[PDB]
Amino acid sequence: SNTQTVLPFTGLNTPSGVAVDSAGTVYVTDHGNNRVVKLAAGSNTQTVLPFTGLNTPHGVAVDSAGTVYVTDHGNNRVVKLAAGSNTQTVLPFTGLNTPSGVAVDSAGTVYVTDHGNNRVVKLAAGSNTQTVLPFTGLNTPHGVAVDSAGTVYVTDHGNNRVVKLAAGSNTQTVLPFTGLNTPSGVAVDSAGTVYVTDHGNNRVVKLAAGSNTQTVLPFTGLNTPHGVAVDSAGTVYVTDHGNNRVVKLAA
């Protein structure tokens, strides 16, 4: 499409991550206000999720049960809130330094980019101990996404590239993006198309499934994109750091 919609969030200061659930509810981490806001589909009014003690959130993910998972930079931890709950759970990750992105697969496994430790960690549902994914030579990961097959996609700031690992594989794959500068967020649709916020080039890049054609999505007026999400219809949602807004573009 050639229509971008500014969603009616208010008062954002460095919106850092975005997620969209199956109902079309949009969740945004508002880094500079220590909060996560949500907007139900068609609603005019955001609500603030009742995380307690949250500081400087980066990433957000939502599972099919509606549980919301958030990374907290200032406390170096990951928290989750079940739908309808007022009492978060701190997940049993350990030793995080700048947890930057979070994703949750269909089995409830939680994947977190640990930016300051140059690694991606994962925690199975019910486990108390993370494992480190075998992403050789990873540096400063920002964003993570997991697809319905369990393939994990990660952006690497220091190396300006995007890598993936299939479930059960030891061989990572470097995706055929070109010309990235500070890839931040990543999202993947069920067709396999991969969307990346190319923060240092002020643009959002699409790698079309199959053809591997890279295009720039026709967002307008961005002042450095951070987070990205894509819904089942192919609508792409982006957080715009310098303009303190969240915008969407239909396919």
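Residues carry their position along the shown sequence, with the first being 1.
Task: 42-50 versus 222-230 - greater average Cα B-factor per the deposited record - done: It is 42-50 that shows the higher mean C-alpha B-factor.
Task: Higher-scoring stretch by recorded Cα B factor average, 121-129 or 108-116 - done: So the stretch with the higher mean C-alpha B-factor is 121-129.
TODO: Please work out which residue in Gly158, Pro92, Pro176, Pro99 has the highest C-alpha B-factor recorded for this crystal structure.
DONE: Of the options given, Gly158 has the highest CA B-factor in the PDB entry.
TODO: Kindly indicate the residue among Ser190, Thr67, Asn55, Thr29 with the greatest C-alpha B-factor in the PDB record.
DONE: Of the options given, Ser190 has the highest CA B-factor in the PDB entry.
Open item on the list: Based on the deposited C-alpha B factors for this chain, I'd like to know if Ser211 is in the lowest, middle or highest third.
Closed with: As the PDB entry reports it, the C-alpha B-factor of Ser211 lands in the highest third of its chain.
Open item on the list: What third of the chain does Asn181 rank in for C-alpha temperature factor, lowest, middle or highest?
Closed with: Answer is highest: the recorded C-alpha B-factor places it there.
Open item on the list: Could you place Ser85 in the lowest, middle or highest third of its chain by Cα temperature factor, using the values in the record?
Closed with: For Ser85, the deposited C-alpha B-factor lands in the highest third.
Open item on the list: Looking at the temperature factor on the CA atom of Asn244, which third of the chain's modelled residues does it land in?
Closed with: Highest third of the chain for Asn244's C-alpha B-factor.
Open item on the list: Based on the deposited C-alpha B factors for this chain, I'd like to know if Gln4 is in the lowest, middle or highest third.
Closed with: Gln4: CA B-factor falls in the middle third of its chain.
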